[PDB]
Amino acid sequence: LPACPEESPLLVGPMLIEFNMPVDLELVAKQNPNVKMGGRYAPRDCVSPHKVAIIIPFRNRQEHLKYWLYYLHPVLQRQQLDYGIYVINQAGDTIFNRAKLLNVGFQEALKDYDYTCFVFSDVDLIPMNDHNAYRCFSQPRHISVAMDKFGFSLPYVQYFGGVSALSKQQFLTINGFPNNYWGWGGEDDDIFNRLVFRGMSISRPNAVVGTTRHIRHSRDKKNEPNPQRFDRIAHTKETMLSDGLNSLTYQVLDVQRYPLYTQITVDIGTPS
C-alpha cells in the first residue's frame, strides 16, 4: 500500500452540526461499516502516517458521547487516520479528575497499538470543519480554537483546553499531564505551562477552520471549581518534574470493546 496523500482529498470542509435529535449507536455503527470493534479504523487503500489514539475523559456523559461518536467517526475516516477511540470512565462518585484520566488513556492505549499521536478531547466538543486535523504536528496542537461558547474565538491567547493533540514524544517530554488537579479548572493552563517550559509553542488552524460547537450543558456534580488551581498553575515548572506520568498509578476495573469505542473504567482514587 502506498502512503496516503499528505492532505486527504476526501474532505468537504464546513459541515452542519446539530444536537436536537436522538442518536442510535446501532444505526451509527451501520452508517460506519468500516469502523472495527473497539472503535478502530485505518484506510484500506493507503497507509496513514497518523496513528492516533483519541482520548476522552468521562463520567456520566453518555448522551454527549453519542453525539460525539455520530459526528467524529465520519470525519476521522475522511481524514484518513489510523485511529482508535478511548473513553476513560472514572469509576466511583468522588471528585472528578480530568487530567489524570487523560494520563490513564495515554498509558492504556499504548498497550493496544503503537500509537504515536494522542488527541485529548472533551466529550461535548464537535468540530464544524473537517479541515481541522485531528492528528499531530511538529509542535503541540490546539484544535478547538473557535468555540461557539467563547464567541468563535479563543477566550485568551494561551488557552489550550477542549481539544488538543500531542505526539507521543511531546507528551513524554512534559512528563504527561498533572495528576493533582481535582475538580474543575486550571489543568489545561498547567499543561500549556509545561509545553512552554519545555521549549514548545502552540500550533493552531485558523479561526474559521477551527470553529467548534460545544453542547450546552449544566454543571456536573462532583467537579466543583478547584480553589487551589490558581496556586497550582503558578508552580508548574517545579511540579511537572515529579508530578505526571512518573508519579501515576491507577487500577483498571473494566475494559469494554464496543463497536464504536473502547471504554476503560478506572479507579483513579482521591486526593493524597
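Think of the rigid core as the biggest set of C-alphas that the two forms share within 1.5 Å after superposition. Note that residue numbering begins at 1 and tracks the sequence as displayed.
S.K.: Do the Cα atoms of 48 to 56 or of 232 to 240 sit farther, on average, from the shown structure in 5 other deposited structures of this protein when the rigid core is superposed?
M.R.: Once the core is superposed, the stretch further away in 5 other deposited structures of this protein is 232 to 240.
S.K.: Compare 99 to 107 with 182 to 190 and report which one shows the larger root mean square C-alpha deviation from this form in 5 other deposited structures of this protein once the rigid core is superposed.
M.R.: Of the two stretches, the larger average C-alpha offset in 5 other deposited structures of this protein falls on 182 to 190.
S.K.: Are coordinates for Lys36 absent in a third or more of the other compared PDB entries?
M.R.: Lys36: modelled in all of the comparison entries.
S.K.: Does the comparison with other PDB entries of this protein show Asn223 lacking coordinates in a third or more of them, where both adjacent residues are built?
M.R.: In at least a third of the comparable entries (those modelling both sides of it), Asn223 has no coordinates.
S.K.: Mean CA B-factor: is it higher for 18 to 26 or for 5 to 13?
M.R.: Averaging CA B-factors over each stretch, the winner is 18 to 26.
S.K.: Would you mind finding, among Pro227, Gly244, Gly210, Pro57, the residue with the largest C-alpha temperature factor in the entry?
M.R.: Going by the entry's C-alpha B-factors, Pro227 comes out highest.
S.K.: By the entry's C-alpha temperature factors, tell me which of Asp122, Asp93, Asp82, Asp189 sits highest.
M.R.: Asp93 has the highest C-alpha B-factor of those listed.
S.K.: Would you check the entry's CA temperature factor for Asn97 and let me know if it's in the chain's lowest, middle or highest third?
M.R.: Its C-alpha B-factor, which the entry lists for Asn97, ranks in the middle third among residues of this chain.
S.K.: Lowest, middle or highest third: where is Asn89 by Cα B-factor in its chain?
M.R.: For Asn89, whose C-alpha B-factor we compare with every modelled residue in the chain, the answer is the middle third.
S.K.: Among the chain's modelled residues, which third holds the C-alpha B-factor of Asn180?
M.R.: It belongs to the middle third of the chain when residues are ordered by C-alpha B-factor.
S.K.: Taking the C-alpha B-factors as the PDB entry records them, is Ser201 in the lowest, middle or highest third of its chain?
M.R.: Middle third by C-alpha B-factor.
S.K.: For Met240, does the deposited CA B-factor place it in the lowest, middle or highest third of the chain?
M.R.: Middle third of the chain for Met240's C-alpha B-factor.
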